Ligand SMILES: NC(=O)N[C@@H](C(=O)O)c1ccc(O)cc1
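Take a look at this single chain in structure tokens; it is the form deposited without the ligand.
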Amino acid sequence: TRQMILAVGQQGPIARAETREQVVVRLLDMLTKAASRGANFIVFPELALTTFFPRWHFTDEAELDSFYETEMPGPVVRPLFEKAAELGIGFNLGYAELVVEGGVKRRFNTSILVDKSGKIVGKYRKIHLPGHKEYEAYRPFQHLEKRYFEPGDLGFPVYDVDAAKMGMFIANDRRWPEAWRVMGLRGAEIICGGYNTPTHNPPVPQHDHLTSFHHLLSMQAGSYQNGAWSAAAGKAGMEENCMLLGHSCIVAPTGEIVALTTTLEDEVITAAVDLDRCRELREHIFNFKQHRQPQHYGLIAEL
């Protein structure tokens, strides 16, 4: 087939004390409603199981570890996979991944793709870690991802998810044309991921009123230039006193926004997706093999 209905499950805030059981309840509800609307795949936010902990400066490692998943899924998250298989609707779930190798802990900002059978068919680990590295007393909230996470070691892969070639990005990655391009070259038909974007940036507050503009601009250009459908799921609202951006969206391979959220709570949007639409770009104006000149792009790949 080449037809499907894609959905985005935007999340409202997640409190520090809110349990994964409670979140799964909210997650289940969205997946159920999306399915009731015909969707066979739903995109969830970056780190969708917990509050955005990278905003705090940690000192107690046990504290930090508590925000990561040591298995996927665990007993508490399993019900999501079961419901996924039951209703026949895949999903993109973001979470904090903790792996212990030879006694050494490895941390990643992760996202996985589950097909409509309820099976994990791909994973991606955040490659572009935003923010600063050291505590900055002036900021009303920190952004210490470079500390609590290592740069993804999977590159930007593209997986087959129920007849659709899908690629993954996580939050900040969406702002990097390289991320989109690599997956575009790998033939992605859909490029999705979630995000936690504060509408306020302490180091550059003069860009606060452009938060939506910059986010939407990234999704539209990315889709357009790679002739791919895209979807972004944000966790929005006032979370732990930090206002997070909404405007979760689904974009056509022409860069046109076909669905957009308007609340700052859990919200489901859907859009019919024709995987062959990609050809309007990828076989003409952006027919890579016929127009690209990689012999002159070398600087982009230099270390």
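A residue's number is simply how far along the shown sequence it sits, counting from 1.
The stretch 98-106 shows the higher mean C-alpha B-factor when 85-93 is compared against 98-106 in the entry. Of the two segments examined, 7-15 and 283-291, it is 283-291 that shows the higher average Cα temperature factor in the deposited entry. Between the residues 267, 256, 61, 46, the entry's highest C-alpha temperature factor is the one at 61.
Split the chain's modelled residues into thirds by C-alpha temperature factor. Residue 141 is in the highest one. Annotation for residue 203: CA B-factor lies in the middle third of the chain's modelled residues. For residue 261, the recorded CA temperature factor ranks within the lowest third of the chain's modelled residues. The deposited CA B-factor of residue 148 belongs to the highest third of values across its chain.
Compared with the other modelled residues of the chain, the Cα B-factor recorded for residue 248 ranks in the lowest third.
The discussion below concerns the form solved in complex with the ligand, not included here.
Counting ligand atoms within 2.4 Å of backbone or C-beta atoms, the overlay of the ligand from its pose in the deposited complex onto the shown chain yields zero, and the pocket is open. Among 110, 92, 226, 197, the residue placing a heavy atom within 4.5 Å of the ligand in the deposited complex is 197. 175 is the sole member of 125, 181, 116, 175 with a non-hydrogen atom within 4.5 Å of the ligand in the deposited complex. Only one listed stretch (125-133, 184-192, 226-234, 157-165) carries heavy atoms within 4.5 Å of the ligand in the deposited complex, and that stretch is 125-133. Although the partner is absent from this view, residue 84 stays clear of the ligand in the deposited complex, with no non-hydrogen atom inside 4.5 angstroms. Contact annotation for residue 201: at least one heavy atom lies within 4.5 Å of the ligand in the deposited complex. Among residues of the shown chain, residue 145 is one whose heavy atoms approach the ligand to within 4.5 Å in the deposited complex.
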